[PDB]
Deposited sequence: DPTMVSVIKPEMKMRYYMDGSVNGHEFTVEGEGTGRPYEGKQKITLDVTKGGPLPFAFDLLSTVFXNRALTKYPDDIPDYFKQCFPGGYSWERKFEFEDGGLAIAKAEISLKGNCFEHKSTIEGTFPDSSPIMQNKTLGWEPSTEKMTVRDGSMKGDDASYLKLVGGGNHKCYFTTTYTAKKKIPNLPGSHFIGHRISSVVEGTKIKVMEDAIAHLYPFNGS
């Protein structure tokens, strides 16, 4: 598949996030380790301001890097090609009850460590399961990837698990943009995700697995 000399089989990550949800400001910091070509990553975070968070961590989990995606040989990997140079992205979250959030992230590479800086602003009705901190994780999803003006566009009809077995829809609309022109742009494809988070007080553990594909017809 796409291979880049600065993207190593094992890499480290550092995170810093500032955010505000319904006026509640907070800060989260942490680190992690990832296997870029395997599309796997483990992250450990600490809420350093505004903790314990009064809302569901599920709102933040996907904000804490598509370079950590396993790409097959037949689909160009836009994200690994973003290095060296770095890239940024902005994601809009549209919840079924009108809740709305916008997160932005800048990802750079210092040595063998991804430096991830992000912010998020959100507004929700008090009745939202996000505000009541009662969602139980994101279901595995499929993000649709397309290209426009040299940037990757991702659309994901995401769903949060609820007490009692129901679900809560949240559309993700993301734009990923390399700082430098990417020479090998991919055709449209999919990325299958699986993310899990576990919150213990102000400490959180996150794991994401992501694999790009064109299943079941493979183009």
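J.: Pop the missing stretches of the deposited sequence into a list, counting residues from 1 and keeping sequence order.
T.: Gaps vs deposited seq, in order: 1, 66, 222.
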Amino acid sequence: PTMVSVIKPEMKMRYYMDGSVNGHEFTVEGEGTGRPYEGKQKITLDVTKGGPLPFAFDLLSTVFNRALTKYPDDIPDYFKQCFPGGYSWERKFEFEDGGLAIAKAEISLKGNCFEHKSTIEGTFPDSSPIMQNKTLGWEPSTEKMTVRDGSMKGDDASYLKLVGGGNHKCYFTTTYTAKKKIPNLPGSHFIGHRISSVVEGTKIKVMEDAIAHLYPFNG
From here on, numbers count along this sequence of modelled residues.
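J.: Where do the C-alpha atoms have the higher mean temperature factor in this entry, in 17 to 25 or in 207 to 215?
T.: Taking the mean B-factor of the alpha carbons in each, 17 to 25 is higher.
J.: Mean C-alpha B-factor higher for 26 to 34, or for 185 to 193?
T.: Stretch with the higher mean C-alpha B-factor: 26 to 34.
J.: By the CA temperature factor listed in this entry, which of these ranks top: 85, 137, 76, 140?
T.: Highest CA B-factor of the listed options: 85.
J.: In terms of CA temperature factor as recorded, identify the highest of 110, 144, 80, 92.
T.: Of the options given, 110 has the highest CA B-factor in the PDB entry.
J.: Which third, lowest, middle or highest, does the CA B-factor of residue 51 fall in along this chain?
T.: Highest third - that is where residue 51 ends up once the chain's C-alpha B-factors are sorted.
J.: Which third, lowest, middle or highest, does the CA B-factor of residue 179 fall in along this chain?
T.: It belongs to the middle third of the chain when residues are ordered by C-alpha B-factor.
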